[PDB]
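Worksheet: one structure, shown below.
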């Protein structure tokens, strides 16, 4: 369905890590928690990875997903099959060089002397839970993976007039019975269907008349009048191709919540003899 | 032949989905329905896929189609053979992050929890009927595929000053004896010679109270003392999406010519004078 | 030889199709036919494919043609051999979506219902004779293929601010004993063209004399009263010059025509009563 | 950039029908070998280049454009002829 | 000879089996039947086998050479329905719903076989009255391609019939009638035209020339025997020409009409 | 297909809310009573608020010159009220052009096909005594009126 | 082939609808009675409406400088009537160029081979009295006469 | 959900530090008592220091024109004190915009979604007697209010 408030532009992205299996903040907490201070919030165990750059975001990707259409000598185009298993990942450009931000990139340091971080040769196991919170005005679309394997995506960038960077790639993996990763936002996922209603604001008994668009076509002139069938049968029968039985208008008190398959709006209000029929708003 | 009104510059493209095999609007309905509220249509089951970037269209594509000329050392060119049969698809960049937008990209939600959308590992079967309507001018070139497999074309895109997007590729697959896909436009494909007329007979004038069904929808009833303007107002008052102004009705004494945007037929018959005022033929 | 009238800038290209093997209009008819109306030609059977752009032309191409130079352990650079045969084709962008322009792209309409054009899942054979007339001022270079096989060159293009397009590739194939394809214009091919011949012109023969350039150099001054052998011998004062053998002059016009192996033009003159003039036309 | 018969014969090989006003092409491939001379001009220098046997083939398809001249791109490949050189540069002073 | 019409690509095809000895559709039925639904054929008795593999098509092999050859077909099935397991393993050894059971050792398994190879409206058929069915090799399984049950059908003699028929109405035991070329002069209002025969032009033919004059204008250089290799016969306004060499239009120079020939191959 | 119109015969019915070309006062409810035209009247006749739309460039399309065109229109809002009211009146004019484009709005002279901004709303000096100007350039696509 | 012409000897017969160069009134139905020229006449004989064509400048083609050339002309239209009539007159003049190019029209001086706007019809200040002005740039293409 | 505002209804509450649009002096600690507004008051009412915000360009977003827009504002700081105080005051204002964008600051007319300079703190000549001026262009980005 064509809901506007679910459209997203990512303004900034916070990235947090924790020991493998750690639970994210719940969908209702994610609307209230202070993103700058993960040591303070109810769901203990998370920490910020470090200064990611201000003008870019954690970059999603996948390897695999190479997909092909297959059949038989009898019938062609029978089904589509994935020829390589899709492998989701995220890239994070940390710009911070203290021990906690090197540890994500190199794995744990293999030297214990004050002031030195040293690396052993070959492979390393370096795995954490990952929480990303993508922020846009009041929208806070969270993303959580209970195990991610964190690896060198490219060599350390250094530049004379652009910030140095430690690009890590987090690849998502199955951890016991849990999902591979989860998107978190309370208003969007598994929520109640919340059907649209249009508020006919008539300010009580008034002199004169007004018009309503239904589906972008005008019904006839409507005076200040009785409700129920006397408005429902003026909302219906606009040569709209929809029967009156698809619409509802109800005992709503002062102002009326019209609902049905088409959108509705006012055309003109000339109900000048008092408070008027001034709005139609959702 | 050249046709200045068959030349097309796609201004906006609506995209709808439904359960596999679901029928699209007929060519004569596609000129009359509104495109914004699928719950108003006669063909129930369609719903809008979501917001799409409004400077862009559904991007058609194919792979395969690799073809080459073959012969024998006697005769050097005699067939062009298609070495890899065309696998045909459309790419749709949704910009919503609503649940009903993510289900096209990830397949069904794997969690029961309010406010969470969960993703499992491995391939998913995810396939839908697909209807696209391409709008230009007063033209509405529709496109319908009864079965399309939906897969992730690329990872989720996020940017700091361009909308977030999650691209799906719909690949067409054949289904029962039906076509792979169909283009829908009444003016252009299998077109009749321009006028069509229905002859409503009047010789049975001892009469009764017959009725017409217009596009399958009833006019109420009409008494045998009929007149051209009176039956134009009757037909023109059927609640079907199109006004009295679209219909042309004229007389030759013994019958009326009826013509307009939709099919006309007699419903319930009631007449004393045999068939003579209950005949309606082309 | 250099031929300034045989240098082409194709301004526009008209593409026509017909049933396989049908003949193009003859080389003398391409000067007289009306390209907008193939329904009116003496050589009936052709139809114009539809609106192609005003900005571009049918694009010639080929696959194959890869050639190698071969020899022996004795003599190293003996023969050039063609390792894959030239497969020769034209690409046409149609920009109208009428049935008669979808049929060239998808093959025949697979559905009989009014307002629907449907496609089946398999390969299709779709063959035409193809005529292209390529226009530049009064030059109308034709191109004709007795059989061409028409295939989808790319997916349907749709765009917000440039015209929608149906790109077809026509590949040429041998039909019976005919040529693969033919170029057509009466003035250029198999024509018996005349030598370049230079015409002298003069005032009323009142004054003294005039000079002629022959190739890059001048002969001497000569009078209005001179005999053909005298002016032919004055032209014969040149590098390859043999008077009464290499050059020819025949006095067919009242003022002489010169024919021979170098260009001829006026220099300085003093033949009062008009002017000395020279041009390469008869 | 020229389209009369004598400019097409370099590109397609000799024409395959006798009809006045038509140039016809047959399928397959053609032996179209010629001697080639080029005279590069600069200053009042005339650096000549000569090959006694070159094989001429289509280098690419015919170019056509709405504001650039049409063209027939031939490639001449040099092949040795009996006892002669593969090609020769000709200039008296150099 | 050189039937360009009869060069085959196996673009799609179908495989059917039946009880031993069952007859295939006749050559004139095969041009017209619906291949998806063999239950609806007038030549009833045939059951359509499952989806055969898209890339490993039937191999019409043989084993012998010089001892005497046995012909076979290897067919890759790609379906795990009972209709396909019965060909690979032989008849089901268990009566319980939902189970297909296999006994040890060899089992007799014999069926009639029909194969139809379609291309584009040609439909070459192949039919064998009696085939013995065996496992060719292991069941193929993969994570990214359809699993396959390859079977060997070996042909065996039955009741004095052939081992197998190839069935196609156009190609086998045809009438072999010669080609004829139609000299359709169109309006023919005046002037001249020339044919060319085997690539050589005839040189001069008037718009009103009779069949004998055309037969004498043919007989160019390099002709067959000038006036007895070539048959020319009129019908309507036109002539049918036939003989040992190909005939085509060379140069029309007639004063009105939409053409000068229409020609068979 | 009929001839392509001058850009004023399409843009003005969209901003005015009626296809009577003889009456320049708008009735579109977001900017009702605004005088919408192409040429600013004599000081004894002119009324503020005022919107001026003026052709400033944009060719026919090269693909098919007689089938689609992309005029560039300088749109200018003027008022005697205050600068914020002149800004909101220009915004309320974009919000009408973008909606009228989203629908492919028909007019007697042609169809408005698409709308885009090549220079967004910007404040500038006004040539009229005690008024504010806000202006920008819209590139907008037009199609022939069928027929 | 003859010499390449100056652009006025080709464009003016295409806009005027006759090959008589001595008679500046056009007769093509879309422009019946407008005066088409390259130079605005003295005020004692100047007659509106008028279309002024002049070369803003574009090169010979480098491929063959003697065989094809691409002159840019500034085309302008003036009227004493109103701005809509001046826009409509420029549109109706440009529609003649886009047709006369498609038909490859012969003129005694050369052929109009192709047409392209490089700056579309646009409103600007007029040099004289009551009149309005609309102008743009067209890159033409010209081929020499077949002599 | 909501409608996009004129740019002043978003950035003025963010530079002022209060949602009361009637009270132009800022209360933000780095700008205490600076007058902030679109338009410079008459000479009998001017006070310095002063910041002014003018829209100079920047379109609606082309892919959803009703949901996001990127107005370019010229921001200009004036002082009667000295040039260092003027460029300090401009930096101390630009620090408020970069913080208010990072915090996604909700304003009753919309959300300040992002901030980006396109010219930075250029010194220039002032039109007012004994005052320094520094100015720059900021491409903002703003989202409509939820309802």
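We call the chains A, B, C, D, E, F, G and H, going by the order they appear; numbering starts again at 1 in every chain.
Note that in this section contacts are C-beta pairs under 8 Å (C-beta built on N, C-alpha and C of every residue); 3 or more make two chains touch, one makes a residue touch a chain.
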- Counting a repeat as over half of the contact pairs in common, which of B-H, B-F or A-H repeats C-F? B-H
- Pair of chains joined by more contacts [C-beta pairs], D-E or B-F: B-F
- Rounded to the nearest Å, the gap separating the Cα centres of subunit G and subunit H is 50
- Note on the structure: Here the gap between subunit F and subunit G, centre to centre from mean Cα coordinates and rounded to Å, is 29
- Note on the structure: Rounded to the nearest Å, the gap between Cα centres of subunit E and subunit G is 66
- Query: If you average the CA atoms of subunit E and of subunit H, how far apart do the two points sit, in angstrom?
  - Reply: 82
- Which parts of subunit G, given as residue numbers and ranges, touch two or more other chains? 64, 68, 114, 141
- Numbers and ranges of subunit E residues touching at least 2 other chains: 12
- Among the chains present, which pairs are found to touch? A-B, A-C, A-E, A-H, B-C, B-D, B-E, B-F, B-H, C-D, C-E, C-F, C-G, D-E, D-G, F-G, F-H
- What part of subunit H is in contact with subunit A in the complex they form? 1, 64, 66-68, 101-102, 104, 106, 111, 113-114, 143, 146
- Task: Sort out for me which residues of subunit D touch subunit C in the complex.
- Result: 1-8, 15-29, 55, 57-58, 61-70, 77-80, 86
- Residues of subunit B defined as touching subunit E within the complex: 72, 74-75, 78-79, 81
- Message: Could you list, by residue number, the parts of subunit E that touch subunit A in their complex?
- Response: 10, 12-14, 51-54, 57, 78, 144-146
- Query: Of all residues in subunit A, which touch subunit C in the complex?
  - Reply: 76-77
